[PDB]
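These notes concern the structure reproduced below.
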Amino acid sequence: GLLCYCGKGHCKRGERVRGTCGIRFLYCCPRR
């Protein structure tokens with residue numbers, strides 16, 4: 001989608017990582 005959210009373990013294709021925001025959670029901002 002087009003909304004940032006904390007990815008578990010790692011973000012998936014389409015999402016851009018922007019740091020971390022939780023235990024084993026990283027900031028993911030998808031553009032699709």
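Chain labels A, B, ... are given in the sequence in which chains occur in the structure tokens; within each chain residues are numbered consecutively from 1, and ligands are likewise numbered from 1 in the order shown.
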
(request) List every residue of chain A that DSSP, applied to the backbone, labels as strand (DSSP E), and write the result as an NGL selection string. (result) :A and (5-8 or 15-22 or 25-30)

(request) Name the residues in contact with residue 12 of chain A at a cut-off of 12 Å, using only C-alpha atoms, excluding same-chain residues fewer than 6 positions from it; report them as an MDAnalysis selection string. (result) chainID A and resid 1 5:6 26:32

Could those residues be written to a file, using N, CA and C atoms, as a PDB file, in the first residue's frame?
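The result, written out as again_32.pdb:
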```pdb
ATOM      1  N   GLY A   1       0.833  -1.228   0.000  1.00  0.00           N
ATOM      2  CA  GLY A   1       0.000   0.000   0.000  1.00  0.00           C
ATOM      3  C   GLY A   1       0.849   1.252   0.000  1.00  0.00           C
ATOM      4  N   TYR A   5       4.490   1.326   8.189  1.00  0.00           N
ATOM      5  CA  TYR A   5       4.167   0.410   9.272  1.00  0.00           C
ATOM      6  C   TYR A   5       5.399  -0.389   9.661  1.00  0.00           C
ATOM      7  N   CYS A   6       5.422  -0.880  10.887  1.00  0.00           N
ATOM      8  CA  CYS A   6       6.563  -1.642  11.370  1.00  0.00           C
ATOM      9  C   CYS A   6       6.518  -3.080  10.864  1.00  0.00           C
ATOM     10  N   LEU A  26      11.040  -3.235  12.074  1.00  0.00           N
ATOM     11  CA  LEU A  26      11.666  -2.141  11.348  1.00  0.00           C
ATOM     12  C   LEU A  26      10.606  -1.277  10.681  1.00  0.00           C
ATOM     13  N   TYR A  27      10.938  -0.025  10.428  1.00  0.00           N
ATOM     14  CA  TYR A  27       9.999   0.896   9.811  1.00  0.00           C
ATOM     15  C   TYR A  27       9.936   0.638   8.311  1.00  0.00           C
ATOM     16  N   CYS A  28       8.752   0.319   7.809  1.00  0.00           N
ATOM     17  CA  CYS A  28       8.585   0.030   6.395  1.00  0.00           C
ATOM     18  C   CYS A  28       7.576   0.978   5.768  1.00  0.00           C
ATOM     19  N   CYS A  29       7.965   1.605   4.672  1.00  0.00           N
ATOM     20  CA  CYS A  29       7.087   2.523   3.966  1.00  0.00           C
ATOM     21  C   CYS A  29       6.949   2.090   2.514  1.00  0.00           C
ATOM     22  N   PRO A  30       5.864   1.379   2.197  1.00  0.00           N
ATOM     23  CA  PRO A  30       5.605   0.882   0.849  1.00  0.00           C
ATOM     24  C   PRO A  30       5.111   1.963  -0.096  1.00  0.00           C
ATOM     25  N   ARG A  31       5.448   1.809  -1.363  1.00  0.00           N
ATOM     26  CA  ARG A  31       5.023   2.749  -2.388  1.00  0.00           C
ATOM     27  C   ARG A  31       4.231   2.011  -3.460  1.00  0.00           C
ATOM     28  N   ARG A  32       3.522   0.980  -3.020  1.00  0.00           N
ATOM     29  CA  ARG A  32       2.704   0.158  -3.892  1.00  0.00           C
ATOM     30  C   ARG A  32       1.827  -0.753  -3.045  1.00  0.00           C
TER      31      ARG A  32
END
```

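Coordinates place atom CA of residue 21 of chain A at a distance of 17.7 Å from atom CA of residue 2 of chain A.
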